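Labels below follow one simple rule: chain letters A, B, ... track the order of the sequence lines, proteins then strands, and each chain is numbered from 1. These values consider heavy atoms only, across backbone and side chains, with no hydrogens, waters or symmetry-generated copies.
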Protein chains: 2
Amino acid sequence: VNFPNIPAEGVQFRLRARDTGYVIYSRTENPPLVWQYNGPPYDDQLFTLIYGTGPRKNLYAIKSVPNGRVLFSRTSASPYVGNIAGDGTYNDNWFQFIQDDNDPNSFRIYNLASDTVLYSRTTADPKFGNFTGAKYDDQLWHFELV
Amino acid sequence: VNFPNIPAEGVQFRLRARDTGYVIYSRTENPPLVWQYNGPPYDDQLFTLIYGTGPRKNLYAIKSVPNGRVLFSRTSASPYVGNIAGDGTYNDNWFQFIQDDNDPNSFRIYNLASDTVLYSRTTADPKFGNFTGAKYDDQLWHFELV
C-alpha cells in the first residue's frame, strides 16, 4: 500500500528514521555525499519530491533543497546510495513510498530499479545503505515536515 | 523482493492461485473476459511475459497466448481487471511479481499504476479481482510452466 501521507510537490521535509532517529543528508562535498546523521538541523537534510507521472505514477524523485540533486539507490556500483543532478534523469532516481503493514505512520523508501529499500541502523556497517531482503524496523522512515 | 524465478520471455505458463488452485483466463468473448477458473486446460489460460525496460524495469506485461491481449488492473472504472490489445500501451498494463516474505515459492501480482494486487477466493463477490490493502494468502500465485 502506498504511503497515504506523501508531501505535495514543493513541500520541504527531512527524512527521519523511526527507530534510530537519524536523518538522511545529501551534499556535494566530503564523501559520503549521501548518508545518515545524528545531530543538529542542517540544510543538506532538506528535501522536496518531484512527482512521477505516466509510467512513473506512484514514484517520486527526492530532491535536495540546497543543491538540487536527486537521490539514487543502486546495486551496480559504489556508492550504492548517492545523489546526482538532472531532476530524475535516471531510472534509479525513482522511489516508491510503501506504507508499513503494521505502523501506518511509517514507510519504506523503495527503489523500483534496484529492488532495494533504504535503512538506518547503529551497529552493523554500513550503518546507512540500501537492502534487498526481509522487512526490518530499521527500514522505517517518516516525512518530518519543516 | 522481486520473485526470483520469473519466466523468460517466450515461455508459456498458467497463473495458478496457491490456495484456491484456480487459474486466470483471458479471453475475448463472454464477460467476464478475465477471471478465475477451476476446470480443464484451455489455451485462454496461457500467458507469456513482455519484460519492461527503461522506466518499466522490474515490471512485466502479461500477454495472452491465443489472443495477444495484455492484462490490466485498475481502479478508475469497471471492469477493474481485464484485457486489452497492444504490448502494454497503457500504464496499468505493467505488473511487478513480488515474492511473499513467508512462502518463498509464491508471489503477488502487483500493479504499480493502481497500487493493487490480484486475488482469488471462493467466498465473497467478486471472487476474483484486485485489492489495495493488507497481505492475505488469497493473493498468492504460482507460475505453472506448460
Side-chain angles (χ1 to χ4, degrees), chain A residues 1-3 6 15 17-20 22 24 26 32-36 52 55-56 58-62 70-84 88 90-103 106-142, chain B residues 1-9 49 51-60 94-112 115 117 134-135 139-143:
Chain A
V1 180
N2 287 318
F3 193 63
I6 298 170
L15 288 165
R18 187 189 76 178
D19 289 357
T20 60
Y22 305 161
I24 300 180
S26 182
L33 299 187
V34 176
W35 204 252
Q36 68 186 12
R56 301 216 156 104
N58 290 316
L59 305 177
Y60 306 86
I62 305 170
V70 299
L71 298 183
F72 67 78
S73 182
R74 65 185 180 205
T75 55
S76 50
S78 295
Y80 301 121
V81 186
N83 58 24
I84 193 159
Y90 306 91
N91 189 52
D92 64 17
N93 301 165
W94 295 90
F95 294 88
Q96 195 184 355
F97 301 112
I98 305 177
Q99 187 184 48
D100 186 65
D101 283 337
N102 300 305
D103 174 6
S106 294
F107 54 88
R108 291 180 170 77
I109 302 171
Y110 176 74
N111 191 278
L112 185 66
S114 62
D115 192 30
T116 59
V117 302
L118 301 185
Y119 67 83
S120 168
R121 65 195 180 199
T122 68
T123 300
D125 293 317
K127 294 182 185 80
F128 170 81
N130 63 7
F131 181 72
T132 302
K135 289 169 174 56
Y136 299 108
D137 291 350
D138 65 14
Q139 300 162 5
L140 297 180
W141 300 88
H142 291 159
Chain B
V1 181
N2 290 319
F3 194 65
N5 189 23
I6 296 167
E9 294 172 279
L49 297 176
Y51 280 29
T53 59
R56 287 162 290 275
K57 181 176 173 56
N58 288 314
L59 307 176
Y60 305 86
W94 295 91
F95 295 87
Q96 195 183 355
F97 301 114
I98 306 178
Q99 189 177 37
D100 185 75
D101 290 323
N102 302 99
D103 172 12
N105 293 316
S106 298
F107 55 89
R108 292 181 171 77
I109 302 171
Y110 175 74
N111 192 276
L112 183 64
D115 192 32
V117 301
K135 291 171 172 53
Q139 301 161 4
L140 298 179
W141 301 87
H142 291 160
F143 292 111

Just by distance, do the side chain of [X] and the backbone of [Y] share a donor-acceptor pair under 3.5 Å?
X	Y	result
A:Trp94	A:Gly88	yes
A:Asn93	A:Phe72	no
A:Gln36	A:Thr122	no
B:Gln139	B:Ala134	yes

How far does [atom1] of [X] sit from [atom2] of [Y], to the nearest 0.5 angstrom?
X	Y	atom1	atom2	result
A:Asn111	A:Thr75	CG	OG1	9.0 Å
A:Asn83	A:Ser73	CG	OG	12.5 Å
A:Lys135	A:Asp138	NZ	CG	13.0 Å

Inset, instruction - Tell me yes or no: between the side chains of A:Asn91 and A:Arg74, is some donor less than 3.5 Å from an acceptor? - result: no
Legend entry - Check: A:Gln96/A:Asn2 side-chain N/O donor and acceptor closer than 3.5 Å: yes
Legend entry - Aromatic ring pairing B:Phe97/B:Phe143, orientation class (parallel under 30°, perpendicular over 60°, tilted between): perpendicular
Legend entry - Parallel, tilted or perpendicular: ring planes of B:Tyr60 versus B:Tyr51, cut at 30 and 60 degrees: perpendicular
Any [X] side-chain heavy atom under 4.5 Å of [Y] side chain:
X	Y	result
A:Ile84	A:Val70	yes
A:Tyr119	A:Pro126	yes
A:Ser106	A:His142	yes
A:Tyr80	A:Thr116	no
A:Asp100	A:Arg108	yes

Inset, instruction - Applying ring pair (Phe, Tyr, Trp, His ring centres under 6.0 Å) between B:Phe3 and each of B:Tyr110, B:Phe95, B:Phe107, report the one that passes. - result: B:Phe107
